[PDB]
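Since the structure comes first, as structure tokens, the remarks are kept for the end.
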Amino acid sequence: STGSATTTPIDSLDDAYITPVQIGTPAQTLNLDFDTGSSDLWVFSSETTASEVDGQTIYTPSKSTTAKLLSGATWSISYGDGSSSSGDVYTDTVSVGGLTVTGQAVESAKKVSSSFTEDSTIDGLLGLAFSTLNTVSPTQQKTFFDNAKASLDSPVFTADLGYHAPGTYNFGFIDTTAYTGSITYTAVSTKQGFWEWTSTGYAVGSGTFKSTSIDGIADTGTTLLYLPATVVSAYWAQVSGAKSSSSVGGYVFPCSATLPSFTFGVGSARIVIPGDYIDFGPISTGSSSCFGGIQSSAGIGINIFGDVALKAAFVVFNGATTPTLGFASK
């Protein structure tokens, strides 16, 4: 089997991407944030505290003939940006882009933090990291990909995120029309439950490539690119007037600037992030100070190849017995 679904930015900054997912019988379609940095599929639901729902589409298990309470199971998750959610669990039929999993754990939110409430366009998350990170207790549950894997034509999914435009998540096949050149594959460590790999270095603009190992995760659920302070300082030093602002919470730059590209290494290959991808616009409405898309990972504890980086590539998440990651230009 295979599946193919379009993913769409939630706003004009590409702060996140939503992909329609069919849950239950008859289908209830919710728009979920596919997150390769977590491993819970959770949704706004009929159980969610009413004051914490503001515009989201909810899953109502009582209207699904295939929904079953997973008795005794609870879940609770906290994300890197400080947001969180928690609730109980149903199993139900879940389909993405024509690919169907029966018995998928669908985590029903009883509580969500303010950032989720305030984002009316995100109806929940679908985690695509390794199932060892799944938070369901006392019986840990598998991700949608893990459940689908054996039925897939090939044990892979791909992320093809757009810059200010729709893109695609495919399951079970590599669309050879979706990228240019060849795909370069690189080793993954699953030790922390992430799609963790090591980039071979970077360049700023038309500058020379610096060979240096940068360990980090491929995380579709993180907006920006978080890298070591040394790397990030070297980037922003090439933008007149750029500075790290404690009050704003990262590097800012004059909105009048033309940003340089940023290149990262994948083995001997190179992925180029155009400067425009690094512009996250005014820090507040009408400001002439703009927020940078490359930020320091210092104090996160891990480097994160978020959407800023991933949207510059066609990315293969290879879930074969020895997982790997592939990157191609597009």
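Ligands are numbered from 1 in the order shown, chains are lettered A, B, ... in the order of the structure tokens, and residues start at 1 in each chain.
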For range 234-294 of chain A versus range 307-327 of chain A, which residues have an atom no more than 9 Å away, and what is each residue's nearest atom pair and distance in Å rounded to one decimal, using only C-alpha atoms, chain-then-number order, as CSV?
```
residue,atom,partner,partner_atom,distance
A:262,CA,A:309,CA,9.0
A:264,CA,A:309,CA,8.5
A:266,CA,A:327,CA,7.2
A:269,CA,A:327,CA,8.6
A:271,CA,A:313,CA,6.9
A:272,CA,A:312,CA,6.7
A:273,CA,A:312,CA,5.5
A:274,CA,A:312,CA,7.8
A:277,CA,A:308,CA,6.2
A:278,CA,A:308,CA,6.7
A:293,CA,A:308,CA,6.7
A:294,CA,A:308,CA,7.9
```
Taking 4 positions as the minimum chain separation for residues in the same chain, which residues sit within 6 Å of range 7-22 of chain A when counting only C-alpha atoms? Answer as a PDB file with N, CA and C atoms, in the first residue's frame.
```
ATOM      1  N   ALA A  27     -16.009   8.806   8.401  1.00  0.00           N
ATOM      2  CA  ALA A  27     -14.800   9.590   8.578  1.00  0.00           C
ATOM      3  C   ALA A  27     -15.081  10.930   9.236  1.00  0.00           C
ATOM      4  N   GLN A  28     -14.211  11.285  10.170  1.00  0.00           N
ATOM      5  CA  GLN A  28     -14.128  12.642  10.689  1.00  0.00           C
ATOM      6  C   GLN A  28     -12.768  13.169  10.252  1.00  0.00           C
ATOM      7  N   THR A  29     -12.756  14.238   9.465  1.00  0.00           N
ATOM      8  CA  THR A  29     -11.509  14.773   8.951  1.00  0.00           C
ATOM      9  C   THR A  29     -11.024  15.899   9.843  1.00  0.00           C
ATOM     10  N   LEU A  30      -9.826  15.694  10.371  1.00  0.00           N
ATOM     11  CA  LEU A  30      -9.119  16.681  11.177  1.00  0.00           C
ATOM     12  C   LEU A  30      -7.810  17.057  10.492  1.00  0.00           C
ATOM     13  N   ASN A  31      -7.395  18.303  10.670  1.00  0.00           N
ATOM     14  CA  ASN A  31      -6.153  18.787  10.084  1.00  0.00           C
ATOM     15  C   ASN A  31      -5.061  18.732  11.139  1.00  0.00           C
ATOM     16  N   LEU A  32      -4.122  17.808  10.947  1.00  0.00           N
ATOM     17  CA  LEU A  32      -3.094  17.526  11.947  1.00  0.00           C
ATOM     18  C   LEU A  32      -1.714  18.033  11.531  1.00  0.00           C
ATOM     19  N   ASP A  33      -0.918  18.336  12.543  1.00  0.00           N
ATOM     20  CA  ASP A  33       0.459  18.765  12.381  1.00  0.00           C
ATOM     21  C   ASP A  33       1.341  17.525  12.453  1.00  0.00           C
ATOM     22  N   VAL A  94      -7.700   5.074  11.135  1.00  0.00           N
ATOM     23  CA  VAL A  94      -7.088   6.335  10.737  1.00  0.00           C
ATOM     24  C   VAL A  94      -6.548   6.179   9.320  1.00  0.00           C
ATOM     25  N   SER A  95      -6.869   7.129   8.449  1.00  0.00           N
ATOM     26  CA  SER A  95      -6.389   7.091   7.075  1.00  0.00           C
ATOM     27  C   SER A  95      -5.712   8.406   6.733  1.00  0.00           C
ATOM     28  N   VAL A  96      -4.571   8.298   6.065  1.00  0.00           N
ATOM     29  CA  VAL A  96      -3.827   9.446   5.564  1.00  0.00           C
ATOM     30  C   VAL A  96      -3.618   9.260   4.070  1.00  0.00           C
ATOM     31  N   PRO A 166       1.810  24.854  -0.675  1.00  0.00           N
ATOM     32  CA  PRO A 166       1.584  23.472  -0.255  1.00  0.00           C
ATOM     33  C   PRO A 166       2.705  22.522  -0.664  1.00  0.00           C
ATOM     34  N   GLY A 167       2.759  21.382   0.022  1.00  0.00           N
ATOM     35  CA  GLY A 167       3.692  20.312  -0.265  1.00  0.00           C
ATOM     36  C   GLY A 167       3.012  18.978  -0.042  1.00  0.00           C
ATOM     37  N   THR A 168       3.815  17.946   0.201  1.00  0.00           N
ATOM     38  CA  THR A 168       3.321  16.577   0.208  1.00  0.00           C
ATOM     39  C   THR A 168       4.010  15.718   1.258  1.00  0.00           C
ATOM     40  N   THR A 223       9.493  24.898  13.749  1.00  0.00           N
ATOM     41  CA  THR A 223       9.462  25.878  12.664  1.00  0.00           C
ATOM     42  C   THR A 223      10.847  26.220  12.121  1.00  0.00           C
TER      43      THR A 223
END
```
*Find the residue from A:298, A:80, A:197, A:268 that sits nearest to residue 183 in chain A; use only C-alpha atoms when measuring.*
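Comparing A:298, A:80, A:197, A:268 against residue 183 in chain A, the winner is A:268.
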*So what do you get for CA of residue 92 in chain A versus CA of residue 24 in chain A, distance-wise?*
5.6 Å
*Extract, using only C-alpha atoms, all DNA, RNA and protein residues at most 10 Å from range 134-143 of chain A, discarding same-chain residues fewer than 2 positions from it, and format them as a PyMOL selection string.*
chain A and resi 38-41+70+72-78+86-89+104-107+126-132+145-149+193
Limited to N, CA, C and O atoms, could you put the picked residues into a file as a tab-separated table (two decimals), in the first residue's frame?
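Saved file out_4.tsv follows:
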```tsv
chain	number	residue	atom	x	y	z
A	38	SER	N	8.06	13.96	17.45
A	38	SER	CA	7.31	13.36	18.55
A	38	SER	C	6.57	12.13	18.04
A	38	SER	O	6.58	11.84	16.84
A	39	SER	N	5.93	11.41	18.94
A	39	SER	CA	5.42	10.09	18.62
A	39	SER	C	4.02	9.79	19.15
A	39	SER	O	3.64	8.63	19.33
A	40	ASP	N	3.24	10.85	19.39
A	40	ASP	CA	1.86	10.74	19.82
A	40	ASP	C	0.96	11.30	18.72
A	40	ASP	O	1.24	12.36	18.16
A	41	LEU	N	-0.11	10.57	18.41
A	41	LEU	CA	-1.19	11.08	17.58
A	41	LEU	C	-2.29	11.50	18.53
A	41	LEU	O	-2.94	10.65	19.14
A	70	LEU	N	-9.52	2.66	24.92
A	70	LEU	CA	-8.40	1.82	25.34
A	70	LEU	C	-8.35	1.94	26.86
A	70	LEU	O	-7.79	2.90	27.41
A	72	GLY	N	-8.09	2.35	30.60
A	72	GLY	CA	-7.03	2.57	31.56
A	72	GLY	C	-5.86	3.39	31.02
A	72	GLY	O	-5.00	3.81	31.79
A	73	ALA	N	-5.84	3.63	29.72
A	73	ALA	CA	-4.71	4.32	29.12
A	73	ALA	C	-4.84	5.84	29.22
A	73	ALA	O	-5.92	6.41	28.98
A	74	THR	N	-3.75	6.49	29.59
A	74	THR	CA	-3.69	7.95	29.61
A	74	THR	C	-2.41	8.39	28.91
A	74	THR	O	-1.51	7.58	28.66
A	75	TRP	N	-2.34	9.68	28.60
A	75	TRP	CA	-1.16	10.23	27.94
A	75	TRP	C	-0.96	11.67	28.41
A	75	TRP	O	-1.90	12.33	28.85
A	76	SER	N	0.27	12.14	28.30
A	76	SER	CA	0.63	13.47	28.75
A	76	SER	C	1.97	13.80	28.13
A	76	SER	O	2.94	13.06	28.30
A	77	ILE	N	2.01	14.92	27.40
A	77	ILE	CA	3.19	15.28	26.62
A	77	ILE	C	3.52	16.75	26.80
A	77	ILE	O	2.62	17.59	26.92
A	78	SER	N	4.82	17.05	26.81
A	78	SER	CA	5.32	18.41	26.86
A	78	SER	C	6.30	18.55	25.71
A	78	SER	O	7.15	17.68	25.50
A	86	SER	N	-2.78	16.54	27.26
A	86	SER	CA	-2.97	15.28	27.96
A	86	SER	C	-4.41	14.80	27.86
A	86	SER	O	-5.31	15.58	27.58
A	87	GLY	N	-4.63	13.51	28.07
A	87	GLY	CA	-5.97	12.96	28.04
A	87	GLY	C	-6.02	11.46	28.12
A	87	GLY	O	-5.15	10.85	28.74
A	88	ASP	N	-7.05	10.87	27.51
A	88	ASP	CA	-7.20	9.42	27.47
A	88	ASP	C	-7.09	8.95	26.02
A	88	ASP	O	-6.68	9.72	25.14
A	89	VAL	N	-7.39	7.68	25.76
A	89	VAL	CA	-7.01	7.06	24.49
A	89	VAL	C	-8.13	6.17	23.94
A	89	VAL	O	-8.73	5.40	24.69
A	104	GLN	N	-5.45	2.08	15.30
A	104	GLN	CA	-4.51	3.14	15.65
A	104	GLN	C	-4.90	3.80	16.97
A	104	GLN	O	-6.05	4.13	17.18
A	105	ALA	N	-3.92	4.01	17.85
A	105	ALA	CA	-4.16	4.77	19.07
A	105	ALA	C	-4.36	6.23	18.72
A	105	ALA	O	-3.47	6.88	18.14
A	106	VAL	N	-5.55	6.72	19.07
A	106	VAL	CA	-5.94	8.11	18.88
A	106	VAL	C	-6.09	8.69	20.26
A	106	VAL	O	-6.97	8.31	21.03
A	107	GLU	N	-5.18	9.59	20.60
A	107	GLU	CA	-5.11	10.14	21.93
A	107	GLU	C	-6.00	11.36	22.01
A	107	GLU	O	-5.79	12.34	21.31
A	126	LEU	N	0.20	14.50	14.66
A	126	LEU	CA	0.45	13.12	14.30
A	126	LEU	C	1.95	12.90	14.33
A	126	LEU	O	2.68	13.40	13.48
A	127	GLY	N	2.41	12.16	15.34
A	127	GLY	CA	3.83	11.98	15.56
A	127	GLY	C	4.43	10.93	14.65
A	127	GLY	O	3.82	9.89	14.38
A	128	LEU	N	5.64	11.22	14.17
A	128	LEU	CA	6.33	10.36	13.22
A	128	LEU	C	7.78	10.10	13.64
A	128	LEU	O	8.59	9.65	12.84
A	129	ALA	N	8.11	10.40	14.89
A	129	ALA	CA	9.37	9.93	15.45
A	129	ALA	C	9.22	8.46	15.85
A	129	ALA	O	8.23	7.80	15.49
A	130	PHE	N	10.18	7.91	16.57
A	130	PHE	CA	10.16	6.49	16.90
A	130	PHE	C	9.21	6.22	18.07
A	130	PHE	O	9.05	7.06	18.97
A	131	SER	N	8.54	5.07	18.03
A	131	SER	CA	7.46	4.79	18.97
A	131	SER	C	7.93	4.70	20.43
A	131	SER	O	7.13	4.79	21.34
A	132	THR	N	9.24	4.55	20.63
A	132	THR	CA	9.81	4.58	21.97
A	132	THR	C	9.57	5.90	22.72
A	132	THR	O	9.71	5.94	23.94
A	145	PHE	N	2.95	5.53	11.40
A	145	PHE	CA	3.93	4.96	10.47
A	145	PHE	C	4.34	3.56	10.90
A	145	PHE	O	4.39	2.65	10.08
A	146	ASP	N	4.61	3.39	12.19
A	146	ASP	CA	5.00	2.09	12.72
A	146	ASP	C	3.90	1.06	12.43
A	146	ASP	O	4.18	-0.05	11.99
A	147	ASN	N	2.64	1.44	12.65
A	147	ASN	CA	1.52	0.53	12.40
A	147	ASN	C	1.35	0.21	10.91
A	147	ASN	O	0.99	-0.91	10.55
A	148	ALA	N	1.61	1.20	10.06
A	148	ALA	CA	1.41	1.05	8.62
A	148	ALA	C	2.54	0.29	7.95
A	148	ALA	O	2.36	-0.27	6.87
A	149	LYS	N	3.70	0.27	8.59
A	149	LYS	CA	4.96	-0.12	7.95
A	149	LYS	C	4.92	-1.42	7.16
A	149	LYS	O	5.38	-1.49	6.01
A	193	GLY	N	15.24	8.39	20.33
A	193	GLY	CA	13.90	8.29	19.79
A	193	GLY	C	13.60	9.22	18.63
A	193	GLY	O	12.47	9.24	18.14
```
*Give the helix (DSSP H, G or I) residues of range 45-129 of chain A, as DSSP finds them on the backbone, and put them as a list in words.*
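Written out, the helix (DSSP H, G or I) residues of range 45-129 of chain A are residues 50, 51, 52, 61, 62, 63, 114, 115, 116, 117 and 118 of chain A.
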Include N, CA and C atoms and write out the residues we just selected as a PDB file, in the first residue's frame.
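selection_0.pdb written:
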```pdb
ATOM      1  N   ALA A  50     -13.891  22.679  27.422  1.00  0.00           N
ATOM      2  CA  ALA A  50     -14.540  23.547  26.444  1.00  0.00           C
ATOM      3  C   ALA A  50     -13.849  24.906  26.309  1.00  0.00           C
ATOM      4  N   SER A  51     -13.395  25.459  27.430  1.00  0.00           N
ATOM      5  CA  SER A  51     -12.727  26.757  27.413  1.00  0.00           C
ATOM      6  C   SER A  51     -11.363  26.730  26.722  1.00  0.00           C
ATOM      7  N   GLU A  52     -10.874  25.534  26.392  1.00  0.00           N
ATOM      8  CA  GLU A  52      -9.565  25.369  25.754  1.00  0.00           C
ATOM      9  C   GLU A  52      -9.695  25.054  24.273  1.00  0.00           C
ATOM     10  N   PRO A  61     -15.515  10.549  19.572  1.00  0.00           N
ATOM     11  CA  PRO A  61     -15.471   9.093  19.421  1.00  0.00           C
ATOM     12  C   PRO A  61     -16.848   8.435  19.470  1.00  0.00           C
ATOM     13  N   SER A  62     -17.802   9.043  20.164  1.00  0.00           N
ATOM     14  CA  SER A  62     -19.120   8.433  20.317  1.00  0.00           C
ATOM     15  C   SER A  62     -19.876   8.385  18.994  1.00  0.00           C
ATOM     16  N   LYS A  63     -19.421   9.159  18.012  1.00  0.00           N
ATOM     17  CA  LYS A  63     -20.035   9.146  16.686  1.00  0.00           C
ATOM     18  C   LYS A  63     -19.318   8.224  15.714  1.00  0.00           C
ATOM     19  N   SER A 114      -2.194  26.811  26.239  1.00  0.00           N
ATOM     20  CA  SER A 114      -2.722  27.984  25.545  1.00  0.00           C
ATOM     21  C   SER A 114      -2.294  28.075  24.084  1.00  0.00           C
ATOM     22  N   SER A 115      -1.062  27.683  23.778  1.00  0.00           N
ATOM     23  CA  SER A 115      -0.576  27.808  22.410  1.00  0.00           C
ATOM     24  C   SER A 115      -1.410  26.957  21.462  1.00  0.00           C
ATOM     25  N   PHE A 116      -1.903  25.814  21.945  1.00  0.00           N
ATOM     26  CA  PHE A 116      -2.740  24.970  21.110  1.00  0.00           C
ATOM     27  C   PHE A 116      -4.123  25.596  20.934  1.00  0.00           C
ATOM     28  N   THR A 117      -4.705  26.074  22.026  1.00  0.00           N
ATOM     29  CA  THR A 117      -6.009  26.710  21.966  1.00  0.00           C
ATOM     30  C   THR A 117      -5.992  27.864  20.973  1.00  0.00           C
ATOM     31  N   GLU A 118      -4.917  28.639  21.016  1.00  0.00           N
ATOM     32  CA  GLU A 118      -4.811  29.865  20.240  1.00  0.00           C
ATOM     33  C   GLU A 118      -4.566  29.592  18.768  1.00  0.00           C
TER      34      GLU A 118
END
```
*Which parts of range 119-262 of chain A does DSSP call strand (DSSP E or B) when run on the backbone here, written out as a ChimeraX atom specification?*
/A:124-127,137,156-160,167-171,184-187,189,196-204,210-218,225-227,243-245,250-254,262
